[PDB]
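Remarks on the structure that follows.
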Amino acid sequence: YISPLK
Amino acid sequence: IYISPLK
Amino acid sequence: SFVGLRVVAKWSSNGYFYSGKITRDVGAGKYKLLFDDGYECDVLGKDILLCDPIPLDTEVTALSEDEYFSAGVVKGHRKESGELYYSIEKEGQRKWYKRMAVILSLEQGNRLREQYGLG
Amino acid sequence: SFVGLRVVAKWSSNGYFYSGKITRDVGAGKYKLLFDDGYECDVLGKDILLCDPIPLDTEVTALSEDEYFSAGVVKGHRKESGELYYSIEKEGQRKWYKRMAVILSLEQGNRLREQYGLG
């Protein structure tokens, strides 16, 4: 899934 | 336990 | 106690709030959080939103397995074999997302804190 | 794997780095950390410093029961009955600190990243 960096 | 930054 | 409750909690490295469940009171104002994407953290109560589902008309941030993310407003809920789905509306059109595909920016989470925060 | 290795890792809610151990590779570039004070988090490798002990001449932040905390420089190590002690030098004088009495500021940790970072 696409997400803010983590 | 030490005086230390807030956690 | 709050053990077992669904929450939306801050990932302190990027400031976003993510869905998961409290799994233990570990003291120091913190709760062990099992996030829906599998990772754990001991999170401050101040950073936990006791809010399931995320309310209608809430401005949120939507994710995807195949495309990049953006901001819209919650306009629907649906439960199917025990799992929650959200309907969000951006620029007029609406679309559906799994529970994990919905998160809150720092600003978005702060709006819900007075009403839903554990701190 | 890195399981079991002692590290110094960033606690992202306050930006300081604290001592602890990697306990599992949880994928997606993250590692489960048992910090020496008992709390856990799944932390990115880039925020983990693989360095035990903290090297000589490293600028650190030294804690104390009786005085407010501040920066000093590691000038010694000492092992006694299985516990690590640091000799830190501030403004000339040196003193001994238990492992848990030594942490890194955000910048102090970011400095060691290039040489000791897991990312």
Side-chain angles (χ1 to χ4, degrees), chain A residues 6, chain B, chain C residues 10-15 26-31 41-47 106 119, chain D residues 2 5-23 30-77 79-90 92-119:
Chain A
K6 57 165 246 166
Chain B
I1 267 285
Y2 313 100
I3 298 165
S4 54
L6 175 59
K7 238 248 257 227
Chain C
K10 196 205 275 174
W11 193 250
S12 216
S13 291
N14 64 21
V26 301
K30 293 183 230 296
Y31 300 85
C41 201
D42 294 351
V43 183
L44 290 168
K46 127 191 190 293
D47 292 334
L106 179 61
Chain D
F2 300 103
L5 296 182
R6 273 201 158 277
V7 291
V8 175
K10 196 204 275 176
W11 193 250
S12 292
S13 78
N14 64 17
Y16 288 85
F17 295 68
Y18 298 80
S19 55
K21 295 175 187 162
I22 298 188
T23 63
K30 291 182 277 303
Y31 301 85
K32 183 170 300 293
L33 269 89
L34 179 55
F35 283 94
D36 285 337
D37 66 353
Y39 296 98
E40 315 173 39
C41 204
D42 293 349
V43 182
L44 289 168
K46 81 170 202 58
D47 292 334
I48 306 179
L49 297 171
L50 190 45
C51 70
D52 182 50
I54 298 171
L56 302 166
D57 291 320
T58 301
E59 189 197 300
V60 304
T61 294
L63 309 184
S64 161
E65 313 194 345
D66 39 25
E67 28 185 353
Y68 190 82
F69 49 98
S70 64
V73 177
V74 178
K75 288 295 193 186
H77 305 119
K79 267 215 75 164
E80 275 184 49
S81 55
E83 283 181 40
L84 173 63
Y85 296 77
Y86 288 89
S87 176
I88 313 274
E89 157 173 316
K90 337 186 162 192
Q93 188 186 319
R94 301 191 177 183
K95 280 194 275 199
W96 292 93
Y97 300 78
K98 302 199 166 184
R99 184 198 294 272
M100 280 184 346
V102 185
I103 67 187
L104 313 173
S105 76
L106 178 60
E107 187 51 28
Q108 288 165 344
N110 286 349
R111 275 197 267 275
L112 308 186
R113 192 180 149 209
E114 190 178 290
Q115 188 167 349
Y116 301 93
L118 262 54

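Below, read A as the first sequence line, B as the second, and so on, with proteins coming before strands; counting in each chain starts at 1.
Note that the CG atom of D:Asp57 and the NZ atom of D:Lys75 stand 4.0 Å from one another [nearest 0.5 Å]. In this structure, the separation between CD1 on D:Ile103 and CG on D:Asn14 is 7.5 Å, given to the nearest 0.5 Å. Atom OG of D:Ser70 is separated from atom CG of D:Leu63 by 9.5 Å, given to the nearest 0.5 angstrom. Between atom OH of residue D:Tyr97 and atom CG of residue D:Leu84 there is a gap of 14.5 Å, rounded to the nearest 0.5 Å. Atom CG of D:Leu44 and atom NZ of D:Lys30 lie 5.5 Å apart (nearest 0.5 Å).
Sequence neighbours left out, the pairs with a member in residues 32-43 of chain D that pass side chain to side chain donor-acceptor pair (under 3.5 Å) are B:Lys7-D:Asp37, C:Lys32-D:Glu40, C:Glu40-D:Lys32, D:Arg6-D:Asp36, D:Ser19-D:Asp36, D:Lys32-D:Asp42.
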If you apply the rule salt bridge (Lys or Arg N to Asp or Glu O under 4.0 Å), what do you find for D:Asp52 with D:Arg99, and how did you get there? CA-CA 10 Å; D:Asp52 182 50; D:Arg99 184 198 294 272; 2.6 Å; yes
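Listed by chain and number, the residues in a ring-ring contact (aromatic ring centres under 6.0 Å, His included) with D:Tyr18 amount to none (sequence neighbours excluded). Every residue two or more places apart in sequence or in another chain was checked for a salt bridge (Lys or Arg N to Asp or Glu O under 4.0 Å) with D:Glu65, and none qualifies. By the salt bridge (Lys or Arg N to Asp or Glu O under 4.0 Å) test, D:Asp66 pairs with no residue at all, sequence neighbours left out. For D:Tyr16, there are no ring-ring contact (aromatic ring centres under 6.0 Å, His included) partners two or more places apart in sequence or in a different chain.
Nearest heavy-atom pair across D:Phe35 and D:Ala9 is CE2-O, 3.5 Å. D:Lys90 and D:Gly72 make their closest contact through CG-CA, 4.4 Å (heavy atoms, listed as atom of the first residue, atom of the second, distance). Closest heavy-atom contact between D:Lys98 and D:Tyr85: CG-CE2, 3.9 Å. Of all heavy-atom pairs spanning D:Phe17 and D:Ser105, the tightest one is CD1-O, 3.7 Å. Across every non-hydrogen atom of D:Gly76 and D:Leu56, the tightest pair is N-CD2, 3.5 Å.
A heavy-atom distance below 4.5 Å is not found between the side chains of D:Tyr31 and D:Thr23. A 4.5 Å side-chain heavy-atom check between D:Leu106 and D:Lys10 finds at least one atom pair inside the cut-off.
A salt bridge links D:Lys95 to D:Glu67: at least one charged side-chain nitrogen sits closer than 4.0 Å to a carboxylate oxygen.
Between the side chain of D:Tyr86 and the backbone N or O of D:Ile54, at least one donor-acceptor pair lies under 3.5 Å. Distance alone, capped at 3.5 Å, is enough to place a donor-acceptor pair between the D:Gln108 side chain and the D:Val60 backbone.
Each of D:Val43, D:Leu49, D:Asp47, D:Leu33 was scored for a side-chain contact (heavy atoms from CB on, under 4.5 Å) with D:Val7, with one residue passing: D:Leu33.
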Show me, pair by pair, the donor-acceptor contacts under 3.5 angstrom made by side chains of residues 111-119 of chain D, not counting sequence neighbours?
| from | atom 1 | to | atom 2 | distance (Å) |
| --- | --- | --- | --- | --- |
| D:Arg111 | NH2 | D:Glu59 | OE2 | 3.3 |
| D:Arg113 | NE | D:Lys46 | O | 3.4 |
| D:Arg113 | NH2 | D:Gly119 | O | 2.8 |

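Using modelled atom types, one finds a donor on one side chain and an acceptor on the other under 3.5 Å when comparing C:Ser13 with D:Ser12.
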